[PDB]
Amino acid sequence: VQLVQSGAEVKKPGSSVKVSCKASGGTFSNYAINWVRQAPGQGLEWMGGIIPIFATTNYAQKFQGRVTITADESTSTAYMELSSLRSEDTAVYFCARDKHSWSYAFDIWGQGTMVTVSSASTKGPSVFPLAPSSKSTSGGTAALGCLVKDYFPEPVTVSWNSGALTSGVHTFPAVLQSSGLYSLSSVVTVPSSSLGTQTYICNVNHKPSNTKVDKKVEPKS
């Protein structure tokens, strides 16, 4: 038995979010489904639970009538709805099944659902070339890349030469700026001897804004 959760959500403060959790290769039986979250740089926090066959729910006191947990026995899917969202609610939300014979331990967990709560609005990135510069003169190596600036929300994907270039590629985790927008860089380590002849194109995809950008990275001139 596996637990499959719904995809990432991006919400504004004051809104409500509903995350699902579907039992795959099994049913809820007489077990409970619990919801546990983890905010960035914080520990696990229990939100509440439900025993679907008996319709009994239990909620964490710190969530004062903000959380609603439901389930439908027909499709073996449980739900967690969190209302009046605040920036502090940005977290990964997990569902887990308990096991009465194991003193109600959470033995099976879903993969987690990221919920981002922000006042920012969707924005496709501005992509800028980072012209080749010397990395190791003795090694005859250069670094070139692309700056993927000011986008929202995560994620973006970066490929080089439509995926034909993978060796020496390092795409760095994004910075979250005070502006509420993200920026990242992707750098390729290449031989300096190849610079006058080899083409380097970075391909940037930002599905949330339906943005696809290509950027040729040529030697500085």
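Start at 1 and count along the sequence shown; that's the residue number.
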**Prompt:** With respect to the recorded C-alpha B factors, which stretch has the higher mean value, 116 to 124 or 129 to 137?
**Reply:** 129 to 137
**Complete:** Averaging the C-alpha temperature factors as deposited, the higher value of 29 to 37 versus 64 to 72 falls on 64 to 72
**Request:** Can you pull the Cα B-factors for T90, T77, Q111, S101 from the entry and say which is highest?
**Result:** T77
**Asked** Per the coordinate record, which of the options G196, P173, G49, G180 holds the highest CA temperature factor?
**Response** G196
**Complete:** Here the Cα B-factor of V188, set against its chain, lands in the third termed middle
**Fill in**
For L147, the third of its chain by CA B-factor is the lowest
**Within-chain third of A23 by Cα B-factor, per the entry** = highest
